[PDB]
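> Residue numbers (PDB author numbering), protein chains in the order written: chain PO, 60 to 117; chain IX, 1 to 142; chain GR, 3 to 177; chain Af, 2 to 212; chain ep, 1 to 38.
Yeah, the Cβ is synthetic: ideal placement off N, Cα and C, and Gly gets one too.
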Amino acid sequence: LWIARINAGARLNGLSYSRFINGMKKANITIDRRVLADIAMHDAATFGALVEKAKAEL
Amino acid sequence: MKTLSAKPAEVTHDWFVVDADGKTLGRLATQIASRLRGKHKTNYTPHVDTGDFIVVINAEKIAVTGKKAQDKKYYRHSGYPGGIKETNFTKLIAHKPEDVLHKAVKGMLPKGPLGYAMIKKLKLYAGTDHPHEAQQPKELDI
Amino acid sequence: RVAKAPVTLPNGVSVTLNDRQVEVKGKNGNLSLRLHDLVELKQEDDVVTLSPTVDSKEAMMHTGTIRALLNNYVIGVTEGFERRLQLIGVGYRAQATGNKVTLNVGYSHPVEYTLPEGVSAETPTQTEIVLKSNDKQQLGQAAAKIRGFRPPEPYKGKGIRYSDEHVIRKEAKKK
Amino acid sequence: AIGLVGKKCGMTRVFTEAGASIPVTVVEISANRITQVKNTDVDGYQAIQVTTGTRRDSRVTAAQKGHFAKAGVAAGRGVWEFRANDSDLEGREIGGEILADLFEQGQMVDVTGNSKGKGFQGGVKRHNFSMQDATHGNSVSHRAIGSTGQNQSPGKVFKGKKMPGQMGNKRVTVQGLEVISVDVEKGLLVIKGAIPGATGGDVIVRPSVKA
Amino acid sequence: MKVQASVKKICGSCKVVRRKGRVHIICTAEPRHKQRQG
RNA sequence: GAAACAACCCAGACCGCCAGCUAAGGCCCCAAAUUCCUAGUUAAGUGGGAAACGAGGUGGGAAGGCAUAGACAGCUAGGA
RNA sequence: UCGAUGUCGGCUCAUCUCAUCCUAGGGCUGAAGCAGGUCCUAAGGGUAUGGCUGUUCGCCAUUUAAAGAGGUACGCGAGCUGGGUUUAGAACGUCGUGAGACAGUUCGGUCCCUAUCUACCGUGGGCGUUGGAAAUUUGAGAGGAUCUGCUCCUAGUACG
RNA sequence: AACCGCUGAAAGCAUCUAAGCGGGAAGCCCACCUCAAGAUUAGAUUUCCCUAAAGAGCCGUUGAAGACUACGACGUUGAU
């Protein structure tokens, strides 16, 4: 459920889940998929800023 | 902190138009199936329909590749002994144009009460016009 | 070889390409062919040199048929084509009245055949049909369709046959 | 393609001068009042709606009473509709008249009616099942169905299996029947054939579709 | 014609022609040389 | 995981967690994850049952024979 | 599967396959015609009655356009039958000293079940179908049906 | 479908095929007959009615309708 929610959130603004997790891993971001799916589903501004940090890292 | 569901009363379904003129049958059906399920939404929960209403025009102008127009077979059994029937993609598109795309999408959805509910939101028409201007569906190239 | 050979345009004829649709006009009439989407047609001084878009075996194979078909249209509008049919039989006879040719070969009923639009038939004698048309395709189908009512027999030669057509002959009552 | 509704009056014979007996049936043809004309614009298809016979007012509903009043015709015992085409909707206006004049002597017509009902019937009468031995040790299965299927494969009875059930009392059409004589002053229609149903039953007569 | 799993030209007036993905033999000399792979 | 499938592949369940990494297998939809990138092949839905044998499918690789002293095919003449 | 899955044949009722028996369309033919022979396509229909034998089969008689090959628990006994096989009686031949035995024969010899579920054939009740009602209807679809002889004429012509 | 083509290149020819245009079976899809909107996508048209209406049902007389039903006719303004 979290992965599907994260996949929808990343695809709304930019990249896919597979490139999102790689971006978070390269940026040393430890946020779990549970918290990420809650940010995506409940605060889209933060997830937009969170995708950018992953997008600039690749 | 908990992972919450979509609360059907709080979900809204958006209206879109897809012009299926010259697009590949299966390449488009996957896109429609995902939208009907609401996979593109961050509040997607597999037990709530969070999808969208998709209006498809030019359903007869949808295309298949290779030699599939003359060779894709649609079988059905009537329920009587020896009651097996078959028709072509091109013979079915000439007799029931919406049934070709409706049948690809139906097999790409879950098979159950929620699956029956989210195919009810696929309003597909043969021709360039649809009777849904009241819903003001936005154009969507998918 | 066929594709690279240019099509020479006589004085009367003229070819115009309007939206992937070759139109060949001249003295006999007007013929048209659909240009394949893998072939380009360029014109020079009273000659048509058509070449493939990309250098590929499939494009060189479709420009060979457009060259051949268009060359037939050029000659077919310059002086036209002509096919001759012969009737062999005790009572085999044909009569052409306008666009409809009637022929009584061997049936319990005369058969009536209406020529395709673009082919004309005249019968000088009663056992020899002469067909004339602009395009070789429609002339050939008209002759093949008349000849298919009663194709030649291999035991006596009876039946409608092409002029200068080798008809195989078999011997009845052999041992 | 339009016809008319009649009532079966019984069968008789018509003798020809050459000395042949023609098995005929008499069809009473009351006035067929046109109660509605359906067209491609209002209904999506072209048809003529007619009524015939009579009903007392106490037995006619208010909804039907207004349907007839718009046409301007008297309430008939029923309402029947005939599928038509543009040529058939020529002199057919609302409240018009359809007599036995629609048919001429020597014309093939199609007659439809409700067959006599035989009620529940067994396989022997309903489907021409062969009876089983009346003697030779046969137990209590003389008019039985026999086998109804195969063994474990397929392990069921196939759909459409011939079995006992209701026989007759169904819509049945007989084609290729000649019109022997037409008389319109007395509402007559003499037809060569059998005409499914009993005396008094409603029958529909249409021009033959085989042609 | 002969419709067999082995089709080959016999006399020398026979052609190997393929139409609709299927191998034929046509002979202008002998009509019983006509073959089709199947 | 192999559709379902004691014996095949990965892997040995103390219990709990709405944490993370991986194995076999996978990433268009059912169904989690690439409609990912690069260079090609296939046109048979081959892929997604089956051989001897047949064929002028198509791609590639080592060599060859002939050729503007006119090569291959066609046509004309001869073929005694 | 032995705390039981009834054997062969017949009857009744079937359902499917195609490796097609008839009818349909074709190529080749040592195809003149008429008739065929092969092979391709084709499963829509149709595809006998008897004598003998328990027989399936097979032989035979007479037909038919034809009398197809098969699967279906060698389809079908909670649908029927019970002739054979395969209980207990009896006998013959044969084997055994014998009790007995014989894919040897012969005469005789109890076939239960009121159908719950699935399936099927019919026929209803309920609710729904964006207020209710009386009628008429469109048709997504489903089923049924689909066979064939002979005579005349063309014409005793084509062919021979 | 098999089969037979027309024009036509790949492959100067040939070639039913690759582009394009035809013929062609009791077979397929319609056409005929019956059923059919529980086609939950539950369709359409014509009328009628809404402070218990329009109607439907019960009941009764019943029917070439029928196991019970259902369906059809009639109930005093009436031939059930």
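For Af/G161, would you say it is in contact with chain IX, using Cβ-to-Cβ distances shorter than 9 Å as the test?
Judged by the 9 Å Cβ criterion, Af/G161 is in contact with chain IX.
> I need the straight-line Cα distance from IX/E10 to Af/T36, nearest angstrom please.
About 53 Å.
> Should the stretch 176-193 of chain Af be called in touch with the stretch 104-113 of chain Af, which here means at least 3 C-beta pairs below 8 Å?
Yes, since at least three Cβ pairs between the stretch 176-193 of chain Af and the stretch 104-113 of chain Af fall closer than 8 Å, the two stretches touch.
> Could you work out which residue in IX/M108, IX/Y125, IX/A33 is closest to IX/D99 when comparing CA atoms only?
With distances taken between Cα atoms, IX/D99 lies closest to IX/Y125.
> Going by beta-carbon coordinates alone, are Af/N33 and Af/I95 separated by less than 9 Å?
In this structure, Af/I95 does not lie closer than 9 Å to Af/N33 by Cβ.
> Under 9 Å between the Cβ atoms of IX/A94 and IX/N58?
Contact flag unset, no.
> Mind pulling the alpha helix (DSSP H) runs of 4 or more residues that sit fully within the stretch 60-116 of chain Af?
Listed in chain order, the complete alpha helix (DSSP H) runs (minimum 4 residues) inside the stretch 60-116 of chain Af are 63-72.
> What number of angstroms, rounded off, separates the C-alpha of residue 228 of chain Af from the C-alpha of Af/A145?
With chain Af running from 2 to 212 in the structure shown, residue 228 of chain Af is simply not present.
> Starting from GR/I162, trace the beta strand (DSSP E) in both directions and tell me its first and last residue.
From DSSP, the beta strand (DSSP E) with GR/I162 extends over 161-164.
> Can you have a look at PO/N87 and say buried or exposed, based on whether 16 or more other CB atoms are within 10 angstroms of its CB?
It is exposed - the Cβ of PO/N87 has fewer than 16 other Cβ atoms within 10 Å.
> In whole angstroms, what is the alpha-carbon distance linking GR/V24 and GR/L52?
Roughly 12 Å separates the two Cα atoms.
> Is residue 144 of chain IX close to chain Af? Criterion is C-beta to C-beta, closer than 9 Å.
Residue 144 of chain IX cannot be examined here, being either before or after the span of chain IX that is shown, 1 to 142.
> With DSSP collapsed to three states, give me the class of IX/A63.
Three-state result, IX/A63: strand.
> What's the C-alpha gap between Af/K160 and Af/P24?
Cα to Cα, the separation comes out at about 39 Å.
> Applying the 10 Å Cβ sphere with the 16-neighbour rule, what's the burial state of GR/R163?
When all chains shown are included, GR/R163 counts as buried.
> Would a C-beta distance cut-off of 9 Å place GR/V79 and GR/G28 closer than the cut-off?
In contact: GR/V79 and GR/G28 (Cβ atoms closer than 9 Å).
> For Af/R172, count neighbouring C-beta atoms within 10 Å of its own C-beta (all shown protein chains included) and say buried if the count is 16 or more, exposed if not.
Per the 10 Å Cβ criterion, exposed.
> DSSP three-state label for GR/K175, please.
Reduced to three states, the DSSP call for GR/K175 is coil.
> Between ep/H24 and ep/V7, what straight-line distance do the alpha-carbon atoms span, to the nearest angstrom?
Their backbone Cα atoms lie some 7 Å apart in a straight line.
> Is Af/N33 helix, strand or coil by DSSP?
DSSP places Af/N33 in strand when its eight states are reduced to three.
> For IX/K138, decide whether its Cβ has a neighbour in chain PO, counting only Cβ atoms nearer than 9 Å.
False, the Cβ-Cβ gap to chain PO never drops below 9 Å.
> 9 Å is my cut-off, CB to CB: does IX/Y125 come that close to chain Af?
Taking Cβ atoms only, chain Af never reaches closer than 9 Å to IX/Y125, which makes this a no.
> How many angstroms separate the CA atom of Af/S59 from the CA atom of Af/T52?
For Af/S59 and Af/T52, the distance between alpha carbons rounds to 18 Å.
> From Af/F16 to Af/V210, what does the alpha carbon distance come to, in whole angstroms?
Computed Cα separation, rounded: 28 Å.
> Measure from the C-beta of PO/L60 to each C-beta in chain IX and report whether the shortest distance is under 9 Å.
Chain IX contact via Cβ: present.
> For IX/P131, would you say it is in contact with chain Af, using Cβ-to-Cβ distances shorter than 9 Å as the test?
Taking Cβ atoms only, chain Af never reaches closer than 9 Å to IX/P131, which makes this a no.
> Which bits of chain Af does IX/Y80 rub up against, with CB to CB less than 9 Å?
Chain Af residues near IX/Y80: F159, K160, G161.
> Do you know offhand how far Af/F104's Cα is from Af/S116's?
C-alpha separation (whole angstroms): 24 Å.
> Find the residues of chain PO that neighbour IX/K7, judging by a C-beta separation of less than 8 Å, and give them in chain order.
Here the premise fails: no neighbours, minimum Cβ distance about 12 Å.
> Cβ of IX/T30 less than 9 Å from any chain PO Cβ?
Output row for IX/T30: interface = no.
> How many angstroms separate the CA atom of PO/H101 from the CA atom of IX/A104?
Their backbone Cα atoms lie some 34 Å apart in a straight line.
> So, for Af/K187: in the same chain, excluding its five sequence neighbours on each side, which residues have a beta-carbon less than 6 Å away from its beta-carbon?
Taken in chain order, the list of residues that qualify is empty.
> Let me see if you follow: with CB-CB separation under 9 Å, is IX/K41 close to chain PO or not?
So, interface residue.
> May I ask you to list the residues that DSSP assigns as paired with PO/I90?
DSSP output for PO/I90 lists no bridge partner at all.
> Report the residue from IX/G107, IX/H130, IX/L101, IX/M118 whose alpha carbon sits nearest the alpha carbon of IX/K61.
Taking only the C-alpha atoms, the option nearest IX/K61 is IX/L101.
> What span of residues does the alpha helix (DSSP H) with IX/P113 cover, start to end?
From DSSP, the alpha helix (DSSP H) with IX/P113 extends over 113-119.
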